[PDB]
Amino acid sequence: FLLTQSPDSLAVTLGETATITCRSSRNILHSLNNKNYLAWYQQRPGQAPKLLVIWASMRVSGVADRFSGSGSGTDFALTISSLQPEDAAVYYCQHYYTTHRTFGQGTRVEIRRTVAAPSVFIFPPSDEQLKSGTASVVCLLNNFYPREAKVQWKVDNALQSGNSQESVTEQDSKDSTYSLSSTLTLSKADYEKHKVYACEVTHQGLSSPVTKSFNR
Amino acid sequence: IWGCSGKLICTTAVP
Amino acid sequence: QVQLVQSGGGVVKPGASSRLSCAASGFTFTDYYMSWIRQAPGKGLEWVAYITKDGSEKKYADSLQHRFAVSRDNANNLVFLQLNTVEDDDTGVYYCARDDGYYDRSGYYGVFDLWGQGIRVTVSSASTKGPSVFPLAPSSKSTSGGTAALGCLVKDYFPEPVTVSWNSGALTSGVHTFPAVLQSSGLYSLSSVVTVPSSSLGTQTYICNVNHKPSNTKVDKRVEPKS
Ligand SMILES: [Mg+2]
């Protein structure tokens, strides 16, 4: 008894329409009421699912009219009209036609907005860490769009590789941007062997690459 | 053989 | 008001047992069925079990070969999920959820209208490790105009997760707590950052509230401009 969502992923523009398909292996329409026993949930990242629709097409209290359910038999859809930044999330369908409830695999809605250039910040290692023999340097790229961004580490203007890590945020619920951290990790000895620590950043919103650096 | 866990599903099942 | 607060979880060894808890408030607990649902990767949402209002009948998914046991305490408004002989399939985020529906002679038909916050369970032989916390001090090299950035590096912990708040929850705007990275050591690390007015780095106080629940570790760090 499967529910297959389609597509897995979806990039929709602000103010436009998203459509998320849910197919069931079998019919989920009972006789004594002639309703389909399907539901839809919304899960923003780091939050638990929120129920939106029941009976395939009935909105729940405190849910905007942009979220609309539809379909019959084994084929159903959730549409989201006039898309807003807070709709960026993962949407699941769930049936309750039997006691063995199952969910669809989920559908992620990514949002398209105007290009926004990142604000670049850089953080030296704390004195607190420098007693430990390891030295971490952090470069922050803040509130940009699109996701695609490029970071380069230069220690005494020498290009680094094999010693940094990145983490990208989820899309922001308010401005639909992304943020990025790159952390360069060295030994305390190597850190004190050099002077200039630079973070060079390439993004579509930047006319030319932005560099932030400091002297140890 | 007939009741309600909460209310919501059984206030909207009939039509 | 209406709310479900979860506790428990953390690291657990294969073959061992773990107990999850859920405290309910703001509603008539003895009017609702209650369910447990998990979220693994490579297969998303999965209903595991429910319990009735209380003529205590319980039902489970069969894929869980009788390994899980759900119970309830109407009195203290608690639901529990016990996980036994855990396997590598059981790693994930476990939610309790308020279960709304109707039952007839054929069975129960329901929907999950209120969820707990979620707890992470990690099946692992690796040992617990609490995080060290270092400041990401604001300087001339943060700045931009006229906005300053600052944060905390949270380094070398296991397992996931850590939660970071600022000024005890009263600072949320401009906050980005990054998804953790896996280091080649096998331990985790993340940064939480925040943008603020650079004009008032003198007067305002900025404190990290790192919480690593699997080790019951709390670290508050004051992030001062330097230096
Ligand atoms: Mg958004």
# chains A, B, ... in the order shown; residues from 1 in each chain; ligands from 1
call {"tool": "interface_residues", "arguments": {"of": "chain A", "to": "chain B", "cutoff": "8 Å", "atoms": "only C-alpha atoms", "output": "JSON list (two decimals) with C-alpha atoms, in the first residue's frame"}}
result
[["chain", "number", "residue", "atom", "x", "y", "z"],
["A", 32, "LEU", "CA", -20.48, 5.94, 3.71],
["A", 33, "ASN", "CA", -19.55, 9.60, 2.96],
["A", 35, "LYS", "CA", -14.73, 11.19, 0.62]]
call {"tool": "closest_atom_pairs", "arguments": {"of": "chain A", "to": "ligand 1", "cutoff": "12 Å", "atoms": "only C-alpha atoms and all ligand atoms", "output": "CSV"}}
result
residue,atom,partner,partner_atom_place_in_ligand_line,distance
A:11,CA,ligand 1,1 (Mg),11.0
A:12,CA,ligand 1,1 (Mg),10.3
A:13,CA,ligand 1,1 (Mg),10.0
A:14,CA,ligand 1,1 (Mg),8.7
A:15,CA,ligand 1,1 (Mg),11.7
A:44,CA,ligand 1,1 (Mg),9.8
A:45,CA,ligand 1,1 (Mg),11.0
A:83,CA,ligand 1,1 (Mg),9.3
A:84,CA,ligand 1,1 (Mg),6.9
A:85,CA,ligand 1,1 (Mg),3.4
A:86,CA,ligand 1,1 (Mg),5.3
A:87,CA,ligand 1,1 (Mg),6.4
A:88,CA,ligand 1,1 (Mg),4.7
A:89,CA,ligand 1,1 (Mg),8.1
A:90,CA,ligand 1,1 (Mg),11.7
A:108,CA,ligand 1,1 (Mg),11.6
A:109,CA,ligand 1,1 (Mg),9.0
A:110,CA,ligand 1,1 (Mg),7.3
A:111,CA,ligand 1,1 (Mg),5.8
A:112,CA,ligand 1,1 (Mg),8.3
A:113,CA,ligand 1,1 (Mg),8.7
A:114,CA,ligand 1,1 (Mg),11.9
A:143,CA,ligand 1,1 (Mg),11.5
A:144,CA,ligand 1,1 (Mg),11.8
A:145,CA,ligand 1,1 (Mg),10.7
A:146,CA,ligand 1,1 (Mg),11.7
A:169,CA,ligand 1,1 (Mg),11.5
A:170,CA,ligand 1,1 (Mg),8.8
A:171,CA,ligand 1,1 (Mg),5.3
A:172,CA,ligand 1,1 (Mg),5.0
A:173,CA,ligand 1,1 (Mg),4.4
A:174,CA,ligand 1,1 (Mg),6.0
A:175,CA,ligand 1,1 (Mg),6.0
A:176,CA,ligand 1,1 (Mg),3.4
A:177,CA,ligand 1,1 (Mg),6.9
A:178,CA,ligand 1,1 (Mg),9.2
call {"tool": "write_last_selection", "arguments": {"atoms": "C-alpha atoms", "output": "PDB file, in the first residue's frame"}}
result
ATOM      1  CA  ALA A  11      11.930  25.019  -7.586  1.00  0.00           C
ATOM      2  CA  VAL A  12       9.043  27.534  -7.686  1.00  0.00           C
ATOM      3  CA  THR A  13       9.197  31.331  -7.991  1.00  0.00           C
ATOM      4  CA  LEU A  14       7.747  33.792  -5.439  1.00  0.00           C
ATOM      5  CA  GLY A  15       4.136  34.643  -6.308  1.00  0.00           C
ATOM      6  CA  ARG A  44       9.721  23.511   7.677  1.00  0.00           C
ATOM      7  CA  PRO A  45      13.254  22.440   8.513  1.00  0.00           C
ATOM      8  CA  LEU A  83       3.993  31.430  -3.282  1.00  0.00           C
ATOM      9  CA  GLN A  84       5.492  32.990  -0.126  1.00  0.00           C
ATOM     10  CA  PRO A  85       8.894  32.604   1.526  1.00  0.00           C
ATOM     11  CA  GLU A  86       7.395  30.710   4.464  1.00  0.00           C
ATOM     12  CA  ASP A  87       6.153  27.985   2.078  1.00  0.00           C
ATOM     13  CA  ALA A  88       9.713  26.813   1.632  1.00  0.00           C
ATOM     14  CA  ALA A  89       9.470  23.377   3.231  1.00  0.00           C
ATOM     15  CA  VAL A  90       8.833  19.671   2.630  1.00  0.00           C
ATOM     16  CA  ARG A 108      10.744  19.740  -1.223  1.00  0.00           C
ATOM     17  CA  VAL A 109       9.757  23.170  -2.426  1.00  0.00           C
ATOM     18  CA  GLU A 110      12.719  25.418  -3.088  1.00  0.00           C
ATOM     19  CA  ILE A 111      11.988  29.095  -3.808  1.00  0.00           C
ATOM     20  CA  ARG A 112      13.276  31.348  -6.569  1.00  0.00           C
ATOM     21  CA  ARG A 113      13.842  35.041  -5.806  1.00  0.00           C
ATOM     22  CA  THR A 114      16.009  37.914  -7.077  1.00  0.00           C
ATOM     23  CA  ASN A 143      22.023  36.042   3.263  1.00  0.00           C
ATOM     24  CA  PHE A 144      22.584  35.450  -0.452  1.00  0.00           C
ATOM     25  CA  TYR A 145      20.749  34.010  -3.469  1.00  0.00           C
ATOM     26  CA  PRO A 146      21.185  31.834  -5.423  1.00  0.00           C
ATOM     27  CA  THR A 169      21.702  26.769   5.798  1.00  0.00           C
ATOM     28  CA  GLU A 170      18.185  25.811   4.858  1.00  0.00           C
ATOM     29  CA  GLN A 171      16.409  28.507   2.910  1.00  0.00           C
ATOM     30  CA  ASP A 172      15.341  31.418   5.129  1.00  0.00           C
ATOM     31  CA  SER A 173      11.614  31.684   5.929  1.00  0.00           C
ATOM     32  CA  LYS A 174      11.546  35.504   5.519  1.00  0.00           C
ATOM     33  CA  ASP A 175      13.881  36.526   2.673  1.00  0.00           C
ATOM     34  CA  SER A 176      14.428  33.111   0.960  1.00  0.00           C
ATOM     35  CA  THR A 177      18.232  33.473   1.119  1.00  0.00           C
ATOM     36  CA  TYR A 178      21.034  31.111   2.037  1.00  0.00           C
TER      37      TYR A 178
END
call {"tool": "residues_around", "arguments": {"residues": "stretch 185-187 of chain A", "least_positions_apart": "3", "cutoff": "7 Å", "atoms": "only C-alpha atoms", "output": "PyMOL selection string"}}
result
chain A and resi 133-137+163-164+190-191
call {"tool": "closest_atom_pairs", "arguments": {"of": "stretch 89-112 of chain C", "to": "stretch 71-84 of chain C", "cutoff": "12 Å", "atoms": "only C-alpha atoms", "output": "CSV"}}
result
residue,atom,partner,partner_atom,distance
C:89,CA,C:83,CA,11.8
C:90,CA,C:83,CA,8.7
C:91,CA,C:83,CA,11.1
C:94,CA,C:81,CA,9.5
C:95,CA,C:81,CA,10.0
C:96,CA,C:79,CA,8.0
C:97,CA,C:79,CA,9.8
C:98,CA,C:79,CA,10.4
call {"tool": "write_last_selection", "arguments": {"atoms": "N, CA and C atoms", "output": "PDB file, in the first residue's frame"}}
result
ATOM      1  N   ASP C  89      18.648   0.435  11.648  1.00  0.00           N
ATOM      2  CA  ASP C  89      17.466   1.035  11.035  1.00  0.00           C
ATOM      3  C   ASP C  89      16.779   2.045  11.911  1.00  0.00           C
ATOM      4  N   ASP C  90      17.071   2.043  13.207  1.00  0.00           N
ATOM      5  CA  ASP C  90      16.311   2.848  14.172  1.00  0.00           C
ATOM      6  C   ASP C  90      16.859   4.246  14.409  1.00  0.00           C
ATOM      7  N   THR C  91      17.997   4.572  13.810  1.00  0.00           N
ATOM      8  CA  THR C  91      18.536   5.907  13.914  1.00  0.00           C
ATOM      9  C   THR C  91      17.616   6.906  13.201  1.00  0.00           C
ATOM     10  N   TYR C  94      12.355  10.973  16.264  1.00  0.00           N
ATOM     11  CA  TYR C  94      11.127  10.354  16.733  1.00  0.00           C
ATOM     12  C   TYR C  94      10.213  11.447  17.245  1.00  0.00           C
ATOM     13  N   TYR C  95       8.983  11.483  16.749  1.00  0.00           N
ATOM     14  CA  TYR C  95       7.982  12.430  17.214  1.00  0.00           C
ATOM     15  C   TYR C  95       6.858  11.671  17.904  1.00  0.00           C
ATOM     16  N   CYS C  96       6.336  12.196  19.017  1.00  0.00           N
ATOM     17  CA  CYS C  96       4.988  11.816  19.468  1.00  0.00           C
ATOM     18  C   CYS C  96       4.019  12.788  18.785  1.00  0.00           C
ATOM     19  N   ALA C  97       2.768  12.380  18.625  1.00  0.00           N
ATOM     20  CA  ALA C  97       1.790  13.240  17.945  1.00  0.00           C
ATOM     21  C   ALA C  97       0.398  12.970  18.419  1.00  0.00           C
ATOM     22  N   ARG C  98      -0.377  14.029  18.625  1.00  0.00           N
ATOM     23  CA  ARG C  98      -1.789  13.897  19.008  1.00  0.00           C
ATOM     24  C   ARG C  98      -2.577  13.340  17.830  1.00  0.00           C
TER      25      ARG C  98
END
call {"tool": "residues_around", "arguments": {"residues": "stretch 38-45 of chain C", "least_positions_apart": "6", "cutoff": "10 Å", "atoms": "only C-alpha atoms", "output": "MDAnalysis selection string"}}
result
(chainID A and resid 49 92:94 102:106) or (chainID C and resid 89:96 118:121)
call {"tool": "select_by_dssp", "arguments": {"residues": "stretch 10-192 of chain A", "states": "strand (DSSP E)", "output": "VMD selection string"}}
result
chain A and resid 10 to 13 18 to 24 38 to 43 50 to 54 58 to 59 67 to 72 75 to 80 89 to 95 107 to 112 119 to 123 134 to 144 149 to 155 158 to 159 164 to 168 178 to 187
